[PDB]
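2 protein chains.
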Amino acid sequence: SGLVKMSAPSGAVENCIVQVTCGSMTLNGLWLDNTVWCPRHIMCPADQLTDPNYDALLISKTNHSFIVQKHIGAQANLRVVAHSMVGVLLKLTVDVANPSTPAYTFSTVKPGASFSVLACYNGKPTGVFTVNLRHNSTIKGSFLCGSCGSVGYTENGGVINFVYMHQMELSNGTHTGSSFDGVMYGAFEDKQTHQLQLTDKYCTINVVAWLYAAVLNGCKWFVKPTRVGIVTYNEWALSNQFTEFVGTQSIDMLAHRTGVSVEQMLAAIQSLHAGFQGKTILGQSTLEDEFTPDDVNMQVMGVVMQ
Amino acid sequence: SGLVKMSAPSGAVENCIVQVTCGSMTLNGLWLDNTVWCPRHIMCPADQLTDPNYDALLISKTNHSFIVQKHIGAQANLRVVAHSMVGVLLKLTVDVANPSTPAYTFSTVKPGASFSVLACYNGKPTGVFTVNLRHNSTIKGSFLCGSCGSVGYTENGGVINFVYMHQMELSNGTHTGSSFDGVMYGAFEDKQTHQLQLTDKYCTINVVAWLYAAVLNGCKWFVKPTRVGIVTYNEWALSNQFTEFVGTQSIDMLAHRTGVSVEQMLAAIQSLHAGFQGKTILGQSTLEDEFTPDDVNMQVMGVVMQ
Ligand SMILES: CC(=O)Nc1ccc(N(C(=O)Cn2nnc3ccccc32)[C@@H](C(=O)NC(C)(C)C)c2ccsc2)cc1
Ligand SMILES: CC(=O)Nc1ccc(N(C(=O)Cn2nnc3ccccc32)[C@@H](C(=O)NC(C)(C)C)c2ccsc2)cc1
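The listed protein sequences correspond, in order, to chains A and B. So for the first sequence, PDB author numbering puts the first residue at 1; every next one is plus one. So for the second sequence, PDB author numbering puts the first residue at 1; every next one is plus one.
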């Protein structure tokens, strides 16, 4: 029992982190097969940050403009033999395949989804933590500028699914990045301009999962006979910065295991949103919306209702 | 910017996890050089879990009683050639040295310290998270049945410092384990027999570090001209379930870079202990006490205010 922010083990990803340097800019890259991925803003000099011409920058660089090095494990200096843009990513082809390339896929995650982040600095892994893609397609992580190129991923059946490369910090504690097809998460540009975020929202289904986790962990004071219809909840959600609720099988199974209905949990959200009455749930006095139903399922596996 | 629960990257530790089976019981072990460590209660049948005679169990076991396998990476079946007891740990000697043994040390952390945990199941690493040793020397983690033998650790300069092997759950979300000298944290016993936990307390020095981290991240509404001297806060602490405050250099450094005095933070604590009055700090409406001053230093390295 217990519920904590848990990440996927980072070893397979650590084997792929490298340092990329272009001019006086340096950040992290991801080395898979004969390719190194890193944010394209590595090419942009500080004085062009507000209006970069990335097409111009790209072909103003030679291959030997890029220095790519692996600092950890089997160290190496890697020769770049081609460079091109993939959306807001720079794709460096190098002349040696990473012998430690894991089995991997690329995916783009949806708002509400969690993934693990390996934070890196200067081509060295420094920390691991888990984030959730926010309603406005940002994340709440912990990064420095040198952390650009840090990698988000999930893991299943020994396959690493790479889903995020860190690109920038928008506002205090608020970050975004791109998937590895080079599409930036959200409506964000890799420029130095004031950009406005769409308003964030609590992810309802994640809050519901969290409330089920709580009940399975013996915390159930917030459960009342009170229920609210899904249609009524969703109306209310529109005006109170919560996502619409749509049921899933895993939520139904958490309901079955606890004996607490989905409608009771949505009612509890409406009451709790108004205030926690000086009480806590799994140690918090605010709604937690970064646990998916799948994240919860992993940490309550085999846990029996009491 | 941003402050999250960060763990040390797990790759170096993943390479040392194995599965240990003794009769009907299976759990995780840690393989370093020619040694495999695992909890000694692997020797105990479901029956005599109530009052095990570990000394008798030990002599009834032969080296062939113990099956040790590596299921990940370079797989391996390891032959046990000696076994001895080390407090609440079993120390198995195997005929093959782990080729991927990292540079390592052992240590025993003190209440208030943080460390990373690699949750394991059937000898397979499944997740990483960070915990904090509570005032009563328990940790608030997330552990399921076959997670015994899961490993806690910190990183010290290319050196893995092993500090914890998971032993048992005491109550919902409440766990303990041993250092690798085989001394149980909290002196709890590896018996069934329900044991009384000392009362937990908020770690004052960590709360203070968290408030500094808040101030360093633009959240500063709680700071008042109000001060309260250390001597006075400590008297108050004894009656309100906080640990007594003792100044350290890292705290001084943070007070220094914030311009906010320790006495001001202690004041905020007494006030915030009364209530957050509807407001939040770093998104929470409760006092966070699981970030050490060093943890915070790390995530505020190279950060200047507003
Ligand atoms: C030569 C040089 O200085 N290059 C550079 C500068 C800034 C960034 N940005 C980051 O977010 C860098 N970054 N990424 N993670 C960070 C965490 C803390 C601080 C900064 C962080 C973007 C941005 O908007 N930054 C401000 C300062 C306005 C917030 C950006 C992207 C393309 S152009 C500008 C990227 C590259
Ligand atoms: C064959 C067999 O039954 N083996 C076995 C089972 C359980 C444990 N325990 C764990 O905490 C195992 N453990 N460790 N973390 C857990 C999280 C959830 C559930 C179980 C967990 C202890 C305990 O509390 N057990 C009761 C029965 C009270 C539940 C314990 C420690 C020394 S003696 C007994 C140890 C060995």
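Backbone N, C-alpha and C fix where the C-beta goes; we use that ideal spot for every residue, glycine too.
Just the Cα atoms here: how many angstroms apart are residue i and residue j?
i                      : j      : result
B/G218                 : A/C219 : 33 Å
B/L89                  : B/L32  : 15 Å
A/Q241                 : A/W210 : 18 Å
A/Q299                 : A/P293 : 10 Å
B/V80                  : B/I67  : 8 Å
A/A237                 : A/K140 : 22 Å
residue 312 of chain A : A/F276 : There is no way to answer for residue 312 of chain A, as the model of chain A reaches only from 1 to 306.
A/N98                  : A/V36  : 10 Å
B/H194                 : B/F188 : 10 Å
B/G112                 : A/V94  : 46 Å
A/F222                 : A/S285 : 12 Å
A/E288                 : B/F129 : 17 Å
B/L92                  : B/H256 : 50 Å
B/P125                 : A/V96  : 30 Å
B/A56                  : B/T26  : 20 Å
B/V18                  : B/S24  : 17 Å
B/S107                 : B/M184 : 13 Å
B/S239                 : B/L198 : 15 Å
B/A46                  : B/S65  : 17 Å
B/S179                 : A/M301 : 27 Å
B/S171                 : B/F162 : 25 Å
Tell me, to the nearest whole angstrom, how far the beta carbon of residue i is from that of residue j; I am working on the premise that it is less than 8 Å.
i      : j      : result
A/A8   : A/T154 : 6 Å
A/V131 : A/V117 : 6 Å
B/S147 : B/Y121 : 6 Å
A/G2   : B/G173 : 4 Å
A/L58  : A/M43  : 7 Å
A/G123 : A/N28  : 6 Å
B/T243 : B/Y202 : 7 Å
Taking 8 Å as the limit between beta carbons, can you name the residues of its chain near residue i, skipping five residues before and five after?
i      : result
A/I251 : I205, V208, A209, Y212, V262 and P293
A/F143 : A119, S150, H166, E169 and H175
B/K191 : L49, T50, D51 and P52
A/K224 : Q264, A267, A268 and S271
B/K110 : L133
B/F245 : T204, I205, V208, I230, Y233, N234, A237, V262 and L266
A/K61  : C22, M43 and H83
A/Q75  : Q69
B/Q306 : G218
A/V4   : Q299
B/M6   : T130, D295, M298 and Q299
Using C-beta distances below 7 Å, list every residue in its chain close to residue i, excluding the 5 sequence neighbours before and after it, in chain order.
i      : result
A/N297 : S250
A/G158 : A103
A/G73  : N15
B/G127 : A119
A/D295 : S114
A/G186 : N136, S137, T138 and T176
A/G182 : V86, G87, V88 and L89
A/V303 : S1 and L216
A/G247 : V262
A/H71  : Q19, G123 and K124
Could you name the residues of the same chain whose beta carbon sits closer than 6 Å to that of residue i, not counting the 5 residues immediately before and after it, in chain order?
i      : result
B/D200 : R134, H135 and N136
A/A12  : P102 and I160
B/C145 : none
B/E290 : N132
A/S10  : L118 and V128
A/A214 : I281 and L282
A/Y54  : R40
B/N34  : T93, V94 and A97
How about residue i: is its Cβ closer than 8 Å to a heavy atom in ligand 3?
i      : result
A/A237 : Ligand 3 is absent from the structure shown, which contains only ligand 1 and ligand 2.
Heavy atoms of ligand 2 versus C-beta positions, residues under 7 Å: The answer, residue by residue, is A/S1, B/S24, B/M25, B/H41, B/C44, B/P45, B/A46, B/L49, B/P52, B/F143, B/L144, B/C145, B/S147, B/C148, B/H166, B/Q167, B/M168, B/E169, B/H175, B/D190, B/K191 and B/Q192.
Cβ contact check for the stretch 93 to 102 of chain B and the stretch 272 to 289 of chain B: 3 or more pairs under 8 Å: Touching, no.
Validate contact between the stretch 262 to 272 of chain B and the stretch 222 to 236 of chain B using beta carbons, cut 8 Å, 3 pairs: Between the stretch 262 to 272 of chain B and the stretch 222 to 236 of chain B there are three or more C-beta pairs closer than 8 Å, enough to call the two in contact.
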